[PDB]
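The chain below stands alone and is given in structure tokens; this is the form deposited without the named molecule.
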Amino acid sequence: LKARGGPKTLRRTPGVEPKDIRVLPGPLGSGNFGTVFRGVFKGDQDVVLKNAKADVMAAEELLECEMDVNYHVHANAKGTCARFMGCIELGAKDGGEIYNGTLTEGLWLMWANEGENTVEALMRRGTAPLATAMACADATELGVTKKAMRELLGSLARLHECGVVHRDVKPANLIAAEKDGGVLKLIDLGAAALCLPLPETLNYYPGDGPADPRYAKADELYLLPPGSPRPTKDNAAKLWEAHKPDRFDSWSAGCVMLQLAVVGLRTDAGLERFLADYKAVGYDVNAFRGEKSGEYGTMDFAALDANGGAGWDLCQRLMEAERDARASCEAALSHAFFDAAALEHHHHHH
């Protein structure tokens, strides 16, 4: 006899058909396991599209996890990240060619294009174009830091509240969303972990994972330390409290704050020099100021100095060496750094 065979099964999102998507050649970047492209949906909606790299082991499983975490975030933390528009899976005969503007065979994810800009690119162009894109009235390092950090820390707090650790917080993964008033949104949940069993943990394991070394403390490249049990449904809440994987995002948010606050730390080399000196004085911001800051004459720490050194203090909170001492992103939101000045805005108030 002969085997009968059968249909193919393809994953789809209601209302999203491959025929309605045009893909533009030119990766908006390859990351570790996937490739992002710009595209146009239904002729007039700017979107971003991601598929797996064919050459990377388990890239399909990593893209599936990114998909699952995006559905979780869409359900539980709307507005924290680029708006998720679902998936499109294309088969072999119906799969197209990027150069023809058509989606190729395999699984695709789609998001709204929240803006042409990243915070990395804007901050390097200058504080002025960054402030304009953020609709930030106080167009100073202090002003943009206060606004951006309040938005970033509030979004991280909402992600953490629903069990998600982003894992790749950095200026390149923020967009000032022009169509939502300039507010910052995160992109790229490709390394994110779902750390509570809601209903199962996702991408969450003991030991080192992918980490951008620029935005991760050199000896904490993990969410759960090697010593840790494997996460299961029964222990997840205990591990959360004991190992504080959310504090990985706190350290990265402190890096973002340093770069927003200090023009000279916006290059990779500037942040790298600062963090080496920070480590060398025992991750002690006051020791940095007392011992090292005098070496940084090309830079201007005014934003961190302002108001009794509030910004230095918040950086210290987000960047404590020990996770057990390091602020949660929710706690960090209450910091004096975010206070209104006495009588702020008096001169035009009713």
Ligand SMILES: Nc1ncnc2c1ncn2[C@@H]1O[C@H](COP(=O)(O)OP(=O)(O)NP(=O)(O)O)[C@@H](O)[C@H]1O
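When you see a residue number, it is the position in the sequence shown, counting from 1.
S.K.: So 119 to 127 or 234 to 242, which one's hotter by mean CA B-factor in the entry?
M.R.: The deposited B-factors put 234 to 242 ahead on the C-alpha mean.
S.K.: Mean C-alpha B-factor higher for 163 to 171, or for 129 to 137?
M.R.: Between 129 to 137 and 163 to 171, it is 129 to 137 that shows the higher mean C-alpha B-factor.
S.K.: Based on what the PDB entry reports, which of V144, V73, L196, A253 has the top C-alpha B-factor?
M.R.: Of the options given, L196 has the highest CA B-factor in the PDB entry.
S.K.: Among the choices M257, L186, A280, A176, identify the one whose CA B-factor in the record is greatest.
M.R.: Answer, based on the entry's C-alpha B-factors: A280.
S.K.: Could you place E66 in the lowest, middle or highest third of its chain by Cα temperature factor, using the values in the record?
M.R.: Lowest third - that is where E66 ends up once the chain's C-alpha B-factors are sorted.
S.K.: Could you place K53 in the lowest, middle or highest third of its chain by Cα temperature factor, using the values in the record?
M.R.: Bottom third by C-alpha B-factor.
S.K.: In terms of the CA temperature factor given in the entry, to which third of its chain does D268 belong: lowest, middle or highest?
M.R.: Middle third, going by the recorded CA B-factors of the chain.
S.K.: Grab the CA temperature factor for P27 from the record and place it in the lowest, middle or highest third of its chain.
M.R.: According to the entry, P27 has a C-alpha B-factor in the chain's highest third.
S.K.: Sorting by Cα B-factor within the chain, modelled residues only, which third would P213 end up in: lowest, middle or highest?
M.R.: As the PDB entry reports it, the C-alpha B-factor of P213 lands in the middle third of its chain.
One more form of this protein, deposited with the named molecule bound, exists but is not displayed; see below.
S.K.: Given the stretches 42 to 50, 309 to 317, 291 to 299, 278 to 286, which is the single one in contact with the named molecule in the deposited complex, using a heavy atom cutoff of 4.5 Å?
M.R.: It is 42 to 50 that comes within 4.5 Å of the partner.
S.K.: Just give me the single entry in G163, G182, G115, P245 that has a non-hydrogen atom within 4.5 angstroms of the named molecule in the deposited complex.
M.R.: Only one listed residue qualifies here, and that residue is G115.
S.K.: Identify, from the list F274, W251, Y204, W111, the residue with a heavy atom within 4.5 Å of the named molecule in the deposited complex.
M.R.: Looking at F274, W251, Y204, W111 one by one, just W111 meets the 4.5 Å heavy-atom criterion.
S.K.: Quick one: is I175 in contact with the named molecule in the deposited complex, heavy atoms, 4.5 Å cut-off?
M.R.: Looking in the deposited complex, residue contacts with the named molecule include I175, since a heavy atom lies within 4.5 Å.
S.K.: Are any of the heavy atoms in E151 no more than 4.5 Å from a heavy atom of the named molecule in the deposited complex?
M.R.: No, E151 is distant from the partner.
S.K.: Heavy atoms within 4.5 Å of the named molecule in the deposited complex: does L194 have any?
M.R.: Contact check for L194: no, nothing within 4.5 Å of the named molecule in the deposited complex.
S.K.: Do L28 and the named molecule share at least one heavy atom pair within 4.5 Å in the deposited complex?
M.R.: Result yes; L28 sits at the interface with the named molecule in the deposited complex.
S.K.: Check each residue of 182 to 198 against the named molecule in the deposited complex and list those with a heavy atom within 4.5 Å, in sequence order.
M.R.: Result: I187, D188.
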